[PDB]
Structure formats: structure tokens, C-alpha cells
Amino acid sequence: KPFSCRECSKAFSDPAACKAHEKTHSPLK
Ligand SMILES: [Zn+2]
């Protein structure tokens, strides 16, 4: 996993999965 959510320790292997996960820790709306 080159992409790991530091906040909630949820790592991903998809750069976009982590990107969508980024947008859920930082709400777009
Ligand atoms: Zn997270």
C-alpha cells in the first residue's frame, strides 16, 4: 500500500480509492 490514511489508518492500493477517501476526511460539500 503506497497510500495510507494516516488519520484512520485505512490504507489503499488504489491512488483514486485513497483520493476518494481523502475527500471523505475533507468533505467536498
Ligand atoms: Zn481515513
# chains A, B, ... in the order shown; residues from 1 in each chain; ligands from 1
$ residues_near_ligand --ligand "ligand 1" --cutoff "9 Å" --atoms "only C-alpha atoms and all ligand atoms" --output "list in words"
residues 4, 5, 6, 7, 8, 9, 10, 11, 18, 21, 22, 24 and 25 of chain A
$ write_last_selection --atoms "C-alpha atoms" --output "JSON list (two decimals), in the first residue's frame"
[["chain", "number", "residue", "atom", "x", "y", "z"],
["A", 4, "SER", "CA", -2.25, 5.02, 3.70],
["A", 5, "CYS", "CA", -4.81, 7.13, 5.53],
["A", 6, "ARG", "CA", -2.81, 8.42, 8.48],
["A", 7, "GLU", "CA", -5.92, 9.65, 10.28],
["A", 8, "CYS", "CA", -7.92, 6.47, 10.49],
["A", 9, "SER", "CA", -5.17, 4.03, 9.46],
["A", 10, "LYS", "CA", -7.03, 2.75, 6.38],
["A", 11, "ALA", "CA", -4.52, 2.03, 3.61],
["A", 18, "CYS", "CA", -7.30, 6.88, -1.36],
["A", 21, "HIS", "CA", -11.02, 8.60, 0.92],
["A", 22, "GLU", "CA", -9.21, 11.92, 1.15],
["A", 24, "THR", "CA", -14.33, 11.95, 2.90],
["A", 25, "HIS", "CA", -11.95, 13.17, 5.60]]
$ select_by_dssp --residues "chain A" --states "strand (DSSP E)" --output "list in words"
residues 3, 4, 11 and 12 of chain A
$ residues_around --residues "residue A:14" --least-positions-apart "6" --cutoff "10 Å" --atoms "only C-alpha atoms" --output "number ranges by chain"
A: 1-3, 20
